[PDB]
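> Have a look at the structure that comes next, please.
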2 protein chains.
Amino acid sequence: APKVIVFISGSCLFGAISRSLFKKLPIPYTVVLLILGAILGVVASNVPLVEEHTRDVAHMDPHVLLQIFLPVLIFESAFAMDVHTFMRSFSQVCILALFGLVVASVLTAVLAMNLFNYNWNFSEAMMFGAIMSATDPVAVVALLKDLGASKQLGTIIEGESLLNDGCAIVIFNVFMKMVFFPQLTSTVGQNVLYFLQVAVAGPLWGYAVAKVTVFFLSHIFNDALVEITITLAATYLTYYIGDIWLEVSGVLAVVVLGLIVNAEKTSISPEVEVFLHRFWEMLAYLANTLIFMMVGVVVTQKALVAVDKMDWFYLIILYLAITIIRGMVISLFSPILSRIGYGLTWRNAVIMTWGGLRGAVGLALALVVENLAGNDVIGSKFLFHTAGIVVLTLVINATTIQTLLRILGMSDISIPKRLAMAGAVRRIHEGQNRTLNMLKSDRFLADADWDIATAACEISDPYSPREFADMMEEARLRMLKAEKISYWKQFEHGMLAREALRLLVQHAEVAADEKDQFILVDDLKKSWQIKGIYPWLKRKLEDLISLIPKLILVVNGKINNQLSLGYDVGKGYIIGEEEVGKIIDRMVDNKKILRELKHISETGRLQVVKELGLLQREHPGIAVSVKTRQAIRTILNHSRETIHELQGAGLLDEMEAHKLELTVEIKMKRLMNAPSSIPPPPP
Amino acid sequence: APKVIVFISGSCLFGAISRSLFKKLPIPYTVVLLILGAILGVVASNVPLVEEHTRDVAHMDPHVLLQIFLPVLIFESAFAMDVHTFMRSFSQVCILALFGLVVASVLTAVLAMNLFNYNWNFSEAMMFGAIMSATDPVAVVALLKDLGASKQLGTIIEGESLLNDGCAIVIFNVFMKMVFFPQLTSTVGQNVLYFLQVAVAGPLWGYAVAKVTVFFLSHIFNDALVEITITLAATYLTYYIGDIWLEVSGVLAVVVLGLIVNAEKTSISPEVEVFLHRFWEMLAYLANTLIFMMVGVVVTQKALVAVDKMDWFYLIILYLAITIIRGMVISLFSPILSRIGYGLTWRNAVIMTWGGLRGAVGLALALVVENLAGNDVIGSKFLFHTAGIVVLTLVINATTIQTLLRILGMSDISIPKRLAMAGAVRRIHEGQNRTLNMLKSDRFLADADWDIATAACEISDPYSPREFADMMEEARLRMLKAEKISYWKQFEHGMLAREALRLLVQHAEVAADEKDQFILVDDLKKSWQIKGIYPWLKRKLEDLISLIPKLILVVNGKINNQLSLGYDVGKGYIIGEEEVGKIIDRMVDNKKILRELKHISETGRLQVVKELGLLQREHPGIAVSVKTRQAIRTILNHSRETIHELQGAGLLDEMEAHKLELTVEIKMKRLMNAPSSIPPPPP
């Protein structure tokens, strides 16, 4: 009879209670989860049966808890990313994560040696800084995505969290294997070979197993269960094979596996995408709950017997030191991120310094370094410092980050957003009023109550000369709002891709950020440009042909992936300009500015149609293949709507319409692995 | 560095390979999974590394594998049921499962005693029968659900599998505690006390923890992870507490918990319903794969060293004898089951006879016996017999049940559903042709390929005087087909409950199976039958009043659910008669039979209207509450459609529309937890 099952179920029930009872309060559920873990630990210190449960579960081996709890949390943090905005901002995020992590660990080691009274070494203080610098701000990025326009800020803080966490586990692991396993004395060349093979074969093995997983997932139809099992087995086997069967740090392998799988899901069916997102979020929630309750039990059992007032004072100075260190790192690396196309303002820098929340990854590393130390006091000091810093950072930084988001003025509602929200509230009020008026003249519902129905069905708003040049700017902003709604309408019909929609709306908003310019061509130059090493290798392999067919198929697939996005962007621009020229007459009443804006739209139309013609001429087979792909996708979606309205006509039951939906889903998954470039037909 | 993770990942990959590769073959994936497990066990018998992995995993404690695997499989087998058709046939399937299981275990014990050469006593042979009588026909249930109108017998065999697993593991645990732990000698009074305590406090504890879990799930809004966590923790804690902390039969507790939670999902949000269904199916697949692979490994490592030709002959005649015994059980219990409302015909009798497929439940119990027997030969003979029965039963019974459903004529597709399918194929073909002609005249995809796209867009055929009185019967069948089409069309609008729609279509099909009678009111008046013990309890407690407030609230909620079901059935019949009277003119040309059929429909409508008037006379306030619920549901559904059409018009962005959808989903869940009877207002 195991006690792991009853401890896991009790931790799950306590986590459910902490999530339910602490929704409105700004203190997160993990703090009261750690408090309940401390209460459970002192109950185990009194009661022998709870002592049996806690010695069965909480006093476990570090390696099994590491290799179980890190893959699920790391894969969820890499699978919840938005890969397009992360990859288009990978430069500043990657250099900030790597350089800020190494200099923050160095500064934390130096300040630990200059402040603490323990007789530690430089490598052990570097290990302590590696544990300290690990972050996991789920609540910060949730609040940042709840305030609207800072989507890029949430993207860069999530990418900083993922890369900082992964490489923090990497540096903690290499210093743990250097210090805690001291029987190996090696040369400089073998050490730099080991560092090179870790830092290369992490993402390399992760990319190899990710492409193997993608190749497996693409050729699977009509069973989501195999896809879920293959994803879970690939993640766990990747981490275990990397971390045990070779010497490669497998953390980066799981990070890049999650990033590549998130760059996929075109192959994965959408119901499996929704299931995998919810399933990995649930697994990470269970892992966080188990890690927090285990570290609460172990902290109140064995880390409480050595704490004194000097340790408390060093903990307070440690909190101030890590805040000052993160502020200094961001302030020192601010010109480097300002040198790139997306710089950061001072409010984003402040909310990134205050956005650092210590995480269950750091608690798991603290548990590993606590149990791996033995009976000496150093592991208890590491665990106590990590628990104190995570409690202080979680409570104070959560409450003050809500306060600072309110104060710094980026949480306010936008005036066109507020107007659109008020219009939607008025529209749903009129819709409910006419629904009530229709329900009044019902032969079954004329006797029904209406005051209770109106009280229940009420939705409140959650958000509570030179003049001629000024109205030119107002007409321009109304025109770009019409552009936004036209782009969203053509996205809604299924004619556009999600990434092309995101590119169009980011081009429209950076056009909106200026005074008297529309969505131009110079910001749209980089859309369809396949220019680079790809056509160079394409013409190299075409000269060599006339594994080489596999290489030219891979190059053709990359060219198809760029060209479909460029084709979608150009055709979406055509559709948007045609629609906004259809509706230019209603909103614009002045003929001069009407002809001016129509001339601007016609110039954009002619340049985009000639560049689309040149795009077709430069690669005929690729263009005809992607337009055949768009045609077959359109007619498959029309057949899907035909099946849906046949179910909505009552002529076909749910089971046979489900069979036909399965047939057209098989057809769309077969359309996913289409041939890359059909040859052009003879006349 | 555990090896359970690498064996779990390897088993998951092997199960994925076996499911993907053998999809077209009629051989199930479990047999080739066990073959791969046997090959891996032979490799472990040779290679020391695979020996270490199989020693770490396959040589596990039986109690930990029981309490890990059995609640998952039992809860998924309970949760995958449709609870309405299970509860309507609960008496028949309960007496069939219980009596057939006990007499099959007795006959298998007697057969083993007079057949096998071992000196087994009666209790070990009863344990052998309890292992041998456990059935898991999942693929049979899927095949019967594929075969059209065989819904009732599929639900009967599914509930038979669930209850057979339940009391089979109950009697297995009782006789295993009798044999393998014989140090306790007990009195007859204490033995019957233990039997009554098990057979009562199993379902009692299951019902108590199920109502606690349901009341917890009803008060949880806008988060899913808490609900998934609560469901999984409730299942694990229920099985562990019942098996260990009490002497409760833990299998029956999880059966009752799964059936009660399946009676709900009115409280659970629909996305959480879909996630819970797919997640429990995935957990059951993982448990089944692990059980089959470990069974193959142990049965080729330690349970194949005592095999001989006499053992093989005994196994073959054991298979023949248990097939004969199950057929004899079905034949002898056919009249008792035929006295009830759904009598089993001989084709359904031999389908349920040949449908008995042994599986993971019996394999896990055989593993428990093989580990508990130690070095004795009894565990080896048990595991070899059970594994051989499972593999040959799966192969032979799967192939012969495919040929049996072909031979018996239950795989024959009905002529009107084939005509409707052909009409749907014609409609989707002409829709494909007209949208192809629409795609012909466009400025975007004019240069695209056409022949390959049209070849890929082919939804093919999946299915490849007195006579004047006889054509009146066909017109009656056509008009009841129109009535059930109207019922499904009312279901499309969102006025009918799922159980009300199922009741209407089963009334429609039992009217279709008769000569000259329509969907009458005599078979329809069972829906609102309030004549029961609940109004008697309500009136006696109201006379006591004028904890019992909670009692009358529970009784009021139960009769509120009954009144809601009856009112939905009556209103659905009224709206269906109004619709079929609106469309009676087109499909009827003869005026005399037109007036006759319209008179029948009008008399039925008047009868239903007057008895619903009597029904709302009986309980005014509960009728007010249910029509208030109907009005609130209609207004919120129109609000959801208004948000969806603001999204479809592009006026509202995706995240604010998701926030509004979350708001109306919260209001719908609050409508689910409404007061069951609002008091009527004074005039």
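Identifiers for the structure tokens are assigned positionally: chains receive A, B, ... in sequence, residues are indexed from 1 per chain, and ligands are indexed from 1 in the order shown.
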At a cut-off of 6 Å, which residues of chain A touch chain B? Count only C-alpha atoms and give the answer as a ChimeraX atom specification.

/A:1,9,16,63-64,226,233,237,282,448-449,453,485,488-489,624,627-628,650

> Those selected residues, please, written with N, CA, C and O atoms and delivered as a compact mmCIF listing (two decimals), in the first residue's frame.


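Okay, this is what ended up in again-v6.txt:
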# COMPACT_ATOMS: atom_id res chain seq x y z
N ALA A 1 0.83 -1.20 0.00
CA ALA A 1 0.00 0.00 0.00
C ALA A 1 0.86 1.26 0.00
O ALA A 1 1.53 1.56 0.99
N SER A 9 -3.28 12.90 -4.01
CA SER A 9 -4.68 13.29 -4.01
C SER A 9 -4.98 14.37 -2.97
O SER A 9 -5.78 15.28 -3.22
N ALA A 16 -6.86 22.57 -5.10
CA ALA A 16 -8.18 22.98 -5.54
C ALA A 16 -8.82 23.96 -4.56
O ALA A 16 -9.44 24.95 -4.97
N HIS A 63 16.76 12.75 -8.13
CA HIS A 63 16.84 12.51 -9.56
C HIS A 63 15.47 12.16 -10.15
O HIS A 63 15.13 12.63 -11.24
N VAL A 64 14.68 11.35 -9.44
CA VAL A 64 13.37 10.96 -9.96
C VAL A 64 12.42 12.15 -9.95
O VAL A 64 11.67 12.37 -10.91
N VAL A 226 -3.34 8.43 -30.11
CA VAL A 226 -1.97 8.12 -30.51
C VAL A 226 -1.12 9.38 -30.51
O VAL A 226 0.05 9.35 -30.12
N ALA A 233 5.18 10.60 -24.60
CA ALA A 233 6.30 9.67 -24.64
C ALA A 233 7.54 10.31 -25.24
O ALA A 233 8.65 10.05 -24.76
N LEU A 237 10.81 10.54 -22.94
CA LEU A 237 11.94 9.78 -23.44
C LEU A 237 13.08 10.68 -23.90
O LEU A 237 14.24 10.32 -23.73
N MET A 282 -2.62 21.42 -17.23
CA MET A 282 -3.03 20.67 -16.05
C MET A 282 -1.86 19.92 -15.43
O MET A 282 -1.72 19.87 -14.20
N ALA A 448 -44.32 33.35 -17.86
CA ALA A 448 -43.04 33.28 -17.17
C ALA A 448 -42.71 34.60 -16.48
O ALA A 448 -43.24 35.67 -16.82
N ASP A 449 -41.83 34.52 -15.50
CA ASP A 449 -41.31 35.70 -14.82
C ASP A 449 -40.42 36.49 -15.78
O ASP A 449 -39.81 35.94 -16.69
N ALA A 453 -35.64 37.19 -14.89
CA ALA A 453 -34.95 36.93 -16.15
C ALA A 453 -34.12 38.12 -16.60
O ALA A 453 -32.99 37.95 -17.08
N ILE A 485 -10.88 46.46 -39.43
CA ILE A 485 -12.09 45.65 -39.45
C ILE A 485 -12.20 44.85 -40.75
O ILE A 485 -12.70 43.72 -40.74
N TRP A 488 -9.83 41.88 -40.24
CA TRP A 488 -10.45 40.90 -39.35
C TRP A 488 -11.60 40.16 -40.02
O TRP A 488 -11.79 38.97 -39.77
N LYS A 489 -12.34 40.84 -40.91
CA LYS A 489 -13.43 40.18 -41.62
C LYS A 489 -12.90 39.15 -42.62
O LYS A 489 -13.44 38.05 -42.72
N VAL A 624 1.62 27.79 -58.24
CA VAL A 624 0.41 27.06 -58.64
C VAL A 624 0.08 25.99 -57.60
O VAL A 624 -1.11 25.71 -57.36
N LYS A 627 -1.58 27.95 -54.67
CA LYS A 627 -2.93 28.40 -54.99
C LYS A 627 -3.89 27.22 -55.16
O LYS A 627 -5.08 27.36 -54.85
N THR A 628 -3.39 26.06 -55.59
CA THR A 628 -4.21 24.85 -55.56
C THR A 628 -4.52 24.44 -54.12
O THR A 628 -5.62 23.95 -53.83
N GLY A 650 -31.75 19.18 -40.27
CA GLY A 650 -32.43 18.02 -39.73
C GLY A 650 -32.49 16.82 -40.65
O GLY A 650 -33.00 15.78 -40.24

> Just list the residues in region 196-440 of chain A DSSP gives helix (DSSP H, G or I) on the backbone, as a ChimeraX atom specification.

/A:196-218,224-245,250-263,270-301,309-338,346-353,360-371,377-407,415-440

> Residues at most 12 Å from residue 530 (chain A), counting only C-alpha atoms, excluding those fewer than 5 positions away in the same chain, as a PyMOL selection string?

chain A and resi 525+535-538+555-556+558-567+615+618-619

> Contacts of region 109-116 of chain A at 8 Å or less, counting only C-alpha atoms, minus same-chain residues fewer than 6 places along, as a tab-separated table (two decimals) with N, CA, C and O atoms, in the first residue's frame?


chain	number	residue	atom	x	y	z
A	122	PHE	N	33.56	29.80	-4.33
A	122	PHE	CA	33.02	30.60	-5.43
A	122	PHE	C	32.05	29.79	-6.28
A	122	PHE	O	31.04	30.32	-6.76
A	125	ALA	N	28.66	29.43	-4.40
A	125	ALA	CA	27.90	30.67	-4.49
A	125	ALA	C	27.39	30.91	-5.91
A	125	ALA	O	26.31	31.49	-6.09
A	126	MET	N	28.14	30.46	-6.92
A	126	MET	CA	27.65	30.50	-8.29
A	126	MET	C	26.44	29.59	-8.47
A	126	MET	O	25.49	29.93	-9.18
A	127	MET	N	26.47	28.42	-7.82
A	127	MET	CA	25.32	27.51	-7.83
A	127	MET	C	24.11	28.15	-7.14
A	127	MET	O	22.97	28.01	-7.61
A	128	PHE	N	24.35	28.85	-6.03
A	128	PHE	CA	23.28	29.56	-5.34
A	128	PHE	C	22.69	30.67	-6.20
A	128	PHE	O	21.47	30.86	-6.23
A	129	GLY	N	23.54	31.40	-6.93
A	129	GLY	CA	23.05	32.40	-7.85
A	129	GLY	C	22.29	31.80	-9.03
A	129	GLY	O	21.35	32.41	-9.54
A	314	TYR	N	20.22	38.38	6.51
A	314	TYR	CA	20.84	38.07	5.23
A	314	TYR	C	19.79	37.74	4.17
A	314	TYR	O	20.00	38.03	2.99
A	321	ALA	N	19.05	42.68	-2.61
A	321	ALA	CA	20.18	42.50	-3.51
A	321	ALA	C	19.74	41.93	-4.85
A	321	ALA	O	20.24	42.36	-5.88

> For residue 156 (chain B), work out the shell of residues within 10 Å, counting only C-alpha atoms and skipping chain neighbours fewer than 2 positions away, then give it as a PDB file with N, CA, C and O atoms, in the first residue's frame.


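Written out: around.pdb:
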ATOM      1  N   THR B  85     -29.683   5.300 -20.939  1.00  0.00           N
ATOM      2  CA  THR B  85     -30.000   3.964 -21.428  1.00  0.00           C
ATOM      3  C   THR B  85     -29.486   2.889 -20.478  1.00  0.00           C
ATOM      4  O   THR B  85     -30.038   1.783 -20.434  1.00  0.00           O
ATOM      5  N   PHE B  86     -28.440   3.196 -19.708  1.00  0.00           N
ATOM      6  CA  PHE B  86     -27.985   2.273 -18.674  1.00  0.00           C
ATOM      7  C   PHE B  86     -28.987   2.186 -17.531  1.00  0.00           C
ATOM      8  O   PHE B  86     -29.279   1.093 -17.038  1.00  0.00           O
ATOM      9  N   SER B  89     -32.327   0.274 -18.385  1.00  0.00           N
ATOM     10  CA  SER B  89     -32.165  -1.172 -18.414  1.00  0.00           C
ATOM     11  C   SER B  89     -31.344  -1.687 -17.241  1.00  0.00           C
ATOM     12  O   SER B  89     -30.711  -2.740 -17.361  1.00  0.00           O
ATOM     13  N   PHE B  90     -31.343  -0.966 -16.115  1.00  0.00           N
ATOM     14  CA  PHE B  90     -30.425  -1.269 -15.020  1.00  0.00           C
ATOM     15  C   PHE B  90     -30.787  -2.567 -14.315  1.00  0.00           C
ATOM     16  O   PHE B  90     -29.897  -3.305 -13.878  1.00  0.00           O
ATOM     17  N   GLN B  92     -32.338  -5.320 -15.566  1.00  0.00           N
ATOM     18  CA  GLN B  92     -31.998  -6.467 -16.402  1.00  0.00           C
ATOM     19  C   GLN B  92     -30.499  -6.718 -16.424  1.00  0.00           C
ATOM     20  O   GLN B  92     -30.050  -7.852 -16.213  1.00  0.00           O
ATOM     21  N   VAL B  93     -29.712  -5.663 -16.645  1.00  0.00           N
ATOM     22  CA  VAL B  93     -28.268  -5.829 -16.727  1.00  0.00           C
ATOM     23  C   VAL B  93     -27.685  -6.142 -15.353  1.00  0.00           C
ATOM     24  O   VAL B  93     -26.695  -6.872 -15.253  1.00  0.00           O
ATOM     25  N   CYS B  94     -28.329  -5.680 -14.277  1.00  0.00           N
ATOM     26  CA  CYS B  94     -27.845  -5.969 -12.933  1.00  0.00           C
ATOM     27  C   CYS B  94     -28.060  -7.433 -12.578  1.00  0.00           C
ATOM     28  O   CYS B  94     -27.132  -8.103 -12.103  1.00  0.00           O
ATOM     29  N   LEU B  96     -28.559  -9.869 -14.697  1.00  0.00           N
ATOM     30  CA  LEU B  96     -27.777 -10.659 -15.641  1.00  0.00           C
ATOM     31  C   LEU B  96     -26.315 -10.720 -15.230  1.00  0.00           C
ATOM     32  O   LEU B  96     -25.747 -11.812 -15.122  1.00  0.00           O
ATOM     33  N   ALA B  97     -25.713  -9.561 -14.934  1.00  0.00           N
ATOM     34  CA  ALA B  97     -24.302  -9.507 -14.571  1.00  0.00           C
ATOM     35  C   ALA B  97     -24.035 -10.243 -13.266  1.00  0.00           C
ATOM     36  O   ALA B  97     -23.143 -11.095 -13.208  1.00  0.00           O
ATOM     37  N   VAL B 141     -17.999  -3.290 -28.279  1.00  0.00           N
ATOM     38  CA  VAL B 141     -18.929  -2.189 -28.037  1.00  0.00           C
ATOM     39  C   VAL B 141     -18.805  -1.129 -29.127  1.00  0.00           C
ATOM     40  O   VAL B 141     -19.815  -0.597 -29.606  1.00  0.00           O
ATOM     41  N   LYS B 151     -28.306  -0.102 -30.499  1.00  0.00           N
ATOM     42  CA  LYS B 151     -27.927   0.737 -29.368  1.00  0.00           C
ATOM     43  C   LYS B 151     -28.208   0.050 -28.039  1.00  0.00           C
ATOM     44  O   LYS B 151     -27.381   0.114 -27.118  1.00  0.00           O
ATOM     45  N   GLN B 152     -29.370  -0.600 -27.929  1.00  0.00           N
ATOM     46  CA  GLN B 152     -29.814  -1.147 -26.651  1.00  0.00           C
ATOM     47  C   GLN B 152     -28.940  -2.312 -26.211  1.00  0.00           C
ATOM     48  O   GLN B 152     -28.520  -2.379 -25.051  1.00  0.00           O
ATOM     49  N   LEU B 153     -28.628  -3.224 -27.134  1.00  0.00           N
ATOM     50  CA  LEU B 153     -27.788  -4.361 -26.777  1.00  0.00           C
ATOM     51  C   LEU B 153     -26.345  -3.939 -26.539  1.00  0.00           C
ATOM     52  O   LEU B 153     -25.653  -4.551 -25.718  1.00  0.00           O
ATOM     53  N   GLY B 154     -25.888  -2.884 -27.219  1.00  0.00           N
ATOM     54  CA  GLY B 154     -24.570  -2.341 -26.931  1.00  0.00           C
ATOM     55  C   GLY B 154     -24.480  -1.734 -25.544  1.00  0.00           C
ATOM     56  O   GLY B 154     -23.493  -1.937 -24.828  1.00  0.00           O
ATOM     57  N   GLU B 158     -22.258  -3.178 -22.465  1.00  0.00           N
ATOM     58  CA  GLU B 158     -21.340  -2.254 -21.801  1.00  0.00           C
ATOM     59  C   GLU B 158     -21.568  -2.234 -20.291  1.00  0.00           C
ATOM     60  O   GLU B 158     -20.615  -2.323 -19.501  1.00  0.00           O
ATOM     61  N   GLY B 159     -22.834  -2.132 -19.873  1.00  0.00           N
ATOM     62  CA  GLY B 159     -23.143  -2.193 -18.453  1.00  0.00           C
ATOM     63  C   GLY B 159     -22.854  -3.554 -17.850  1.00  0.00           C
ATOM     64  O   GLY B 159     -22.485  -3.659 -16.675  1.00  0.00           O
ATOM     65  N   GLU B 160     -23.000  -4.611 -18.654  1.00  0.00           N
ATOM     66  CA  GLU B 160     -22.653  -5.953 -18.216  1.00  0.00           C
ATOM     67  C   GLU B 160     -21.162  -6.077 -17.969  1.00  0.00           C
ATOM     68  O   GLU B 160     -20.757  -6.664 -16.964  1.00  0.00           O
ATOM     69  N   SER B 161     -20.343  -5.485 -18.845  1.00  0.00           N
ATOM     70  CA  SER B 161     -18.900  -5.455 -18.636  1.00  0.00           C
ATOM     71  C   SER B 161     -18.534  -4.682 -17.377  1.00  0.00           C
ATOM     72  O   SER B 161     -17.687  -5.134 -16.596  1.00  0.00           O
ATOM     73  N   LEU B 162     -19.186  -3.535 -17.154  1.00  0.00           N
ATOM     74  CA  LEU B 162     -18.870  -2.704 -15.992  1.00  0.00           C
ATOM     75  C   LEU B 162     -19.216  -3.407 -14.681  1.00  0.00           C
ATOM     76  O   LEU B 162     -18.373  -3.512 -13.776  1.00  0.00           O
ATOM     77  N   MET B 352     -24.142 -11.541 -27.476  1.00  0.00           N
ATOM     78  CA  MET B 352     -23.602 -11.344 -26.135  1.00  0.00           C
ATOM     79  C   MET B 352     -22.824 -12.562 -25.653  1.00  0.00           C
ATOM     80  O   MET B 352     -21.932 -12.427 -24.809  1.00  0.00           O
TER      81      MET B 352
END

> Hey, what's within 12 Å of residue 266 (chain A) if we count only C-alpha atoms and toss same-chain stuff fewer than 4 positions away? As a PDB file with N, CA and C atoms, in the first residue's frame, please?


ATOM      1  N   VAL A 214       7.542  15.239 -35.228  1.00  0.00           N
ATOM      2  CA  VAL A 214       6.704  15.902 -36.224  1.00  0.00           C
ATOM      3  C   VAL A 214       6.417  14.967 -37.396  1.00  0.00           C
ATOM      4  N   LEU A 217       3.824  12.589 -36.167  1.00  0.00           N
ATOM      5  CA  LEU A 217       2.508  13.183 -35.956  1.00  0.00           C
ATOM      6  C   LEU A 217       1.830  13.556 -37.267  1.00  0.00           C
ATOM      7  N   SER A 218       2.608  13.828 -38.316  1.00  0.00           N
ATOM      8  CA  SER A 218       2.015  14.262 -39.575  1.00  0.00           C
ATOM      9  C   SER A 218       1.316  13.128 -40.311  1.00  0.00           C
ATOM     10  N   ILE A 260       9.632  23.762 -31.171  1.00  0.00           N
ATOM     11  CA  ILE A 260       9.399  23.247 -32.518  1.00  0.00           C
ATOM     12  C   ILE A 260       7.985  22.685 -32.648  1.00  0.00           C
ATOM     13  N   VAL A 261       7.491  22.011 -31.603  1.00  0.00           N
ATOM     14  CA  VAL A 261       6.125  21.490 -31.623  1.00  0.00           C
ATOM     15  C   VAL A 261       5.112  22.634 -31.641  1.00  0.00           C
ATOM     16  N   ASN A 262       5.415  23.738 -30.952  1.00  0.00           N
ATOM     17  CA  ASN A 262       4.564  24.915 -31.065  1.00  0.00           C
ATOM     18  C   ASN A 262       4.705  25.587 -32.428  1.00  0.00           C
ATOM     19  N   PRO A 270      -6.856  20.194 -34.771  1.00  0.00           N
ATOM     20  CA  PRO A 270      -7.137  21.257 -33.783  1.00  0.00           C
ATOM     21  C   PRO A 270      -7.732  20.792 -32.462  1.00  0.00           C
ATOM     22  N   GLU A 271      -8.542  19.729 -32.463  1.00  0.00           N
ATOM     23  CA  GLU A 271      -9.052  19.201 -31.202  1.00  0.00           C
ATOM     24  C   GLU A 271      -7.923  18.617 -30.362  1.00  0.00           C
ATOM     25  N   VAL A 272      -6.936  18.003 -31.017  1.00  0.00           N
ATOM     26  CA  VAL A 272      -5.750  17.543 -30.308  1.00  0.00           C
ATOM     27  C   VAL A 272      -4.925  18.722 -29.817  1.00  0.00           C
ATOM     28  N   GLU A 273      -4.932  19.847 -30.544  1.00  0.00           N
ATOM     29  CA  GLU A 273      -4.225  21.042 -30.083  1.00  0.00           C
ATOM     30  C   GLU A 273      -4.843  21.589 -28.801  1.00  0.00           C
ATOM     31  N   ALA A 497      -4.380  33.245 -43.109  1.00  0.00           N
ATOM     32  CA  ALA A 497      -3.738  32.512 -42.033  1.00  0.00           C
ATOM     33  C   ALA A 497      -3.662  33.383 -40.783  1.00  0.00           C
ATOM     34  N   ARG A 498      -3.401  32.732 -39.647  1.00  0.00           N
ATOM     35  CA  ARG A 498      -3.263  33.459 -38.388  1.00  0.00           C
ATOM     36  C   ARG A 498      -2.014  34.334 -38.392  1.00  0.00           C
ATOM     37  N   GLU A 499      -0.900  33.802 -38.902  1.00  0.00           N
ATOM     38  CA  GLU A 499       0.351  34.554 -38.931  1.00  0.00           C
ATOM     39  C   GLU A 499       0.273  35.728 -39.899  1.00  0.00           C
ATOM     40  N   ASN A 561       6.924  27.366 -47.469  1.00  0.00           N
ATOM     41  CA  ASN A 561       6.509  27.963 -46.202  1.00  0.00           C
ATOM     42  C   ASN A 561       6.654  29.478 -46.208  1.00  0.00           C
ATOM     43  N   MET A 668      -8.560  16.921 -45.087  1.00  0.00           N
ATOM     44  CA  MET A 668      -7.753  18.095 -44.774  1.00  0.00           C
ATOM     45  C   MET A 668      -6.379  17.717 -44.230  1.00  0.00           C
ATOM     46  N   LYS A 669      -6.288  16.634 -43.454  1.00  0.00           N
ATOM     47  CA  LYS A 669      -4.977  16.171 -43.013  1.00  0.00           C
ATOM     48  C   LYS A 669      -4.161  15.611 -44.170  1.00  0.00           C
ATOM     49  N   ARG A 670      -4.827  15.048 -45.180  1.00  0.00           N
ATOM     50  CA  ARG A 670      -4.125  14.660 -46.397  1.00  0.00           C
ATOM     51  C   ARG A 670      -3.720  15.879 -47.214  1.00  0.00           C
ATOM     52  N   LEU A 671      -4.498  16.959 -47.125  1.00  0.00           N
ATOM     53  CA  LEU A 671      -4.110  18.213 -47.758  1.00  0.00           C
ATOM     54  C   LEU A 671      -2.924  18.851 -47.046  1.00  0.00           C
ATOM     55  N   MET A 672      -2.740  18.550 -45.754  1.00  0.00           N
ATOM     56  CA  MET A 672      -1.599  19.089 -45.017  1.00  0.00           C
ATOM     57  C   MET A 672      -0.277  18.567 -45.569  1.00  0.00           C
ATOM     58  N   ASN A 673      -0.180  17.266 -45.805  1.00  0.00           N
ATOM     59  CA  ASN A 673       1.013  16.694 -46.432  1.00  0.00           C
ATOM     60  C   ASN A 673       0.844  16.592 -47.943  1.00  0.00           C
TER      61      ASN A 673
END
